[PDB]
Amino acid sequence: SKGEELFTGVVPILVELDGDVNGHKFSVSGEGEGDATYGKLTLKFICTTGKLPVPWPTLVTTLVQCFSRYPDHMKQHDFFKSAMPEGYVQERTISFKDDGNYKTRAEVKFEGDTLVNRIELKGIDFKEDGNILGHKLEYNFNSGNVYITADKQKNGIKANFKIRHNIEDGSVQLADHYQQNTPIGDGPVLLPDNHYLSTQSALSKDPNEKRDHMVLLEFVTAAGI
């Protein structure tokens, strides 16, 4: 597609999130770059409002699947880049087992030559000392797959996947993800066959950073065709 041409090099990324979880208001700003040729993302996120009131790993999936590496033989299945530069809306319900849920709405689009992800996040029905508001999740993030299917009536895609957040005691907090994406623009997009994205993510800290923050390195590769 026309859009995939925008991703042949390194692309600067901006992420901006506004959040309310159980009435705890917070904002996150991220900066970095994506190189879809290698499925590679490098980003640093900062909580600009103070302490983040939820664990950082629980925001990883919310905080740009257009940077996935689609192998040449599957390029006709890359919805995400096909919607660019006008972009797409990405909506999710993330259901934390035995706890609350996030509902998210994001717009992913180019602003000049920069890929922007703008997100509103609302979290409700969280337990005051559950694994999320009680900060009982380890600072890491497991490898996993994101299963994509076409949504022809919405000219878009859906995804379903199960994130497993490691709890500090050796157990797991499941976060069921249901996702829908729809184009913003009126140009044609690629509606894919069933496939998945395979992810790997490394979380770290900037030793010189005193603000609450997350350094993220992620690799994502499309597969399943």
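Each residue number is its position in the shown sequence, starting from 1.
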Interval residue 63-residue 64, deposited residues with no coordinates in the entry (none, 1 to 3, 4 to 9, 10 or more):
1 to 3
Compare the mean C-alpha B-factor of 179 to 187 with that of 51 to 59 as given in the PDB entry, and name the stretch with the higher value.
179 to 187
Quick check on the record: does 18 to 26 or 203 to 211 carry the larger mean Cα temperature factor?
203 to 211
Would you mind finding, among 91, 78, 113, 138, the residue with the largest C-alpha temperature factor in the entry?
113
I'd like to know which of 104, 155, 101, 117 has the highest C-alpha temperature factor in the PDB entry.
155
What third of the chain, by the recorded C-alpha B-factor, contains residue 169?
highest
Determine, from the deposited record, the chain-internal third of the Cα B-factor for residue 160: lowest, middle or highest.
highest
Would you mind checking where the Cα B-factor of residue 223 ranks among the modelled residues of its chain, as the lowest, middle or highest third?
middle
Ranked against its chain, the third holding the CA B-factor of residue 217:
middle
Third of the chain, ranked by Cα B-factor, where residue 71 sits
middle
